[PDB]
Structure formats: structure tokens, C-alpha cells
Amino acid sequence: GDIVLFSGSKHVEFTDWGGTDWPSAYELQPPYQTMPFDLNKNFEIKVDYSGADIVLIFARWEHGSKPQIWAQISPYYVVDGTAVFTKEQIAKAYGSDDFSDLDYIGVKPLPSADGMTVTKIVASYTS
């Protein structure tokens, strides 16, 4: 299956690492929002974007003894203005493919004069 998480034209301005705030094109908080795709499946996240380089963040906030995970990943690869992020890649960054503690998923730009525009985000299942 292919699951559209967003389609349209979402623009994010972010011209440098100036502030402590870091704006996103797309965010999910699994503990708080019903999920549009199944993290347990072998998935890839595909993002059609332009204007800035792009990063996917899987994060777990710090809770007692467990540290904050900020699994920021560059695309597994980019093709044709589409970034592809894989579960295996995400898992390697996150430390595991156990997402039972996952607090945050964010798609974010790196600094850009023009800002980043996302047109489509798709989760597809791979096997």
C-alpha cells in the first residue's frame, strides 16, 4: 500500500540556525495522535520537496533514565525532488526498530535562503 500523509504545498521558512526553534514541514506525536501509518510495518517515507535540504527526525523525549533520542536522518537518497527515508535507516538512527516509546516524528528543513516547500509525503510499505 501507499499512504498519503500530505499533499499540497507546505512552505517552511528557516534561514539559519539563529533561534532555538526549528520549524517543521510535518510533525506527528504518536502518543497523542492517531497514526496515519503503521510503524511496525516495513515502511519508507517519501517526501517531494524543494528549496532546502531535508531531514527526518524520530525522537523520544527523555524519561527517567532513558535518554532523549534525536534520530535525525538525511535521506537514504534523493531522486527527482523526492527524499526517501527507510525504516532500516530510521531504526539504525533511533537505536532500534522498537517504536513503542516514540514521541515525535518531524520532517524539517536545513537553513535555506528561500525556505523549503513540501508537496507530498507518502508512507509506503515495502514487505
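Don't overthink the numbering: it's just position in the shown sequence, from 1.
Student: Take the C-alpha B-factors listed in the entry for 45 to 53 and for 62 to 70, compute each mean, and give the stretch with the larger one.
Tutor: Of 62 to 70 and 45 to 53, the stretch with the higher C-alpha B-factor average is 62 to 70.
Student: Decide which of the stretches 104 to 112 and 12 to 20 has the higher mean C-alpha B-factor, going by the entry.
Tutor: Stretch with the higher mean C-alpha B-factor: 12 to 20.
Student: Where does the C-alpha B-factor of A91 rank in its chain, lowest, middle or highest third?
Tutor: For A91, whose C-alpha B-factor we compare with every modelled residue in the chain, the answer is the highest third.
Student: By its CA B factor, does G81 count among the lowest, middle or highest third of the modelled residues in the chain?
Tutor: Within its chain, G81 is a highest-third residue by C-alpha B-factor, going by the deposited values.
Student: How does the C-alpha B factor of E27 compare with the rest of the chain: lowest, middle or highest third?
Tutor: As the PDB entry reports it, the C-alpha B-factor of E27 lands in the lowest third of its chain.
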